[PDB]
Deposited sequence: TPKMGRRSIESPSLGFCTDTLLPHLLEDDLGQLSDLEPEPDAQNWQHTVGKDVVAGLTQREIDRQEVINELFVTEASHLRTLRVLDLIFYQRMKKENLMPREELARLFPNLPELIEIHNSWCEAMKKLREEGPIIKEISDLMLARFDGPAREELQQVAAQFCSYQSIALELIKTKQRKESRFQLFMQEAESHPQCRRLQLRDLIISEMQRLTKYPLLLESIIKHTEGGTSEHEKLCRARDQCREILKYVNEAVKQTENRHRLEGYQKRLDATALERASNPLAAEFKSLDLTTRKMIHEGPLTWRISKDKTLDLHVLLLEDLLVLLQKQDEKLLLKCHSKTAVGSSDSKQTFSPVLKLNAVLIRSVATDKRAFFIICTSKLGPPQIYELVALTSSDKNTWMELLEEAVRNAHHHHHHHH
């Protein structure tokens, strides 16, 4: 319920407001942890195990949904046992830094970021899969509404529960930042908590990347089947001749999204452009296809362009082909909104600056 009101009801008296506010926050950590271990076991029990031992879906499809559930439950379980051992040697918790570091620094860090990256990287896609499967398979859709009916799901769905690993990870620097503000400065313990905090943000950046790549890779695989670079193996200009074989699959994506091409005298053109590492690419959404067609090349190499901002138009910007060969070629492109023009510029200039 609360720390002052439960454990240490007698020893509450002899303490300062900072030392109390500190124990309240350490306790929130210890409790929300055992609470998350329980959320993880609800998955294991109500879902993973039953789906496995009843064959609700192919082993391969299950693997992608719960890559490493047992290793995850072991990460958190091992820690919650450390937590439980400390809570033991006195309702008043002295030094907590060694513990934090035992989970968020060094090899412990490596273990956690690998284990959480594998569990989350694919989630987004597997949840699409489950939505599909509920729609198309009556056997599946019944299993689901039988399991989610269970009392320990707290009336939440699979797709809610499962994102709780990612969520818990993001609560760890908030929890630390809190413990830090109520810890005596100049302590080794204060210093160590900060190393731990900064290391959590680092884990999070690592998982953030895992997801980005995994999602981006699968998206790019998608965009490659729909791709139409016919008009390119002959073409008009050899500026765009060498990209008749493309393959988005070998590139990394930085950013993507819609863009209106102000190409001719009051003649526009709606595109969907991809910002890869070396390349800006200009596909036009047909219906279920994507077109590489030229005049202007539809594939700008980054090392050879300049980004130039408009003055009255807060949605528009220019990109300029800096190769001597390939004349006055300038792409005037219009974003969704000032905010979209703005993100686009920064990303662009980064991309180009890295080119």
Stretches of the deposited sequence lacking C-alpha coordinates, in sequence order, are 1 to 42, 337 to 349, 411 to 418
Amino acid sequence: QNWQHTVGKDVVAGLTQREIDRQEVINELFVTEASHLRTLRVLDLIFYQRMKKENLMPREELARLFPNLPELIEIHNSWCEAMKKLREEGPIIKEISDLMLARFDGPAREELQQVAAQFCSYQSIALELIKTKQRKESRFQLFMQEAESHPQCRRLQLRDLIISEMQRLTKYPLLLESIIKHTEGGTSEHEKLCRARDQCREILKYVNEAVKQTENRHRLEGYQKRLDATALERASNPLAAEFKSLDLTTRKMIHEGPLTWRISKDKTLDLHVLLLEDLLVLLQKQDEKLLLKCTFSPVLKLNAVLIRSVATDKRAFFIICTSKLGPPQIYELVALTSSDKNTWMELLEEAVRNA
From here on, numbers count along this sequence of modelled residues.
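Rigid core: the largest C-alpha set superposing within 1.5 Å between the two forms.
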249 to 257 or 118 to 126, the stretch lying farther from the shown form in 4 other deposited structures of this protein by root mean square CA distance over structures and residues, after core fitting, is 249 to 257
Note: with structures superposed on the core, the stretch whose C-alphas sit farther off in 4 other deposited structures of this protein, 227 to 235 or 104 to 112, is 227 to 235
Going by the entry, of stretches 25 to 33 and 283 to 291 the one with greater average Cα B-factor is 283 to 291
For 158 to 166 versus 221 to 229, entry-based mean Cα B-factors point to 221 to 229
When the entry's CA B-factors for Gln49, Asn303, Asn68, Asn55 are compared, the highest one belongs to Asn303
For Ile130, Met100, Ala210, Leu269, the deposited C-alpha B-factor is largest at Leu269
Binned into thirds over the chain's modelled residues, the C-alpha B-factor of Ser264 lands in the highest
Binned into thirds over the chain's modelled residues, the C-alpha B-factor of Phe104 lands in the lowest
Temperature factor at the Cα of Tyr122, chain-ranked in thirds, falls in the middle
Tertile call for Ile319 (CA temperature factor, within chain, third-based) is the highest
Temperature factor at the Cα of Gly185, chain-ranked in thirds, falls in the middle
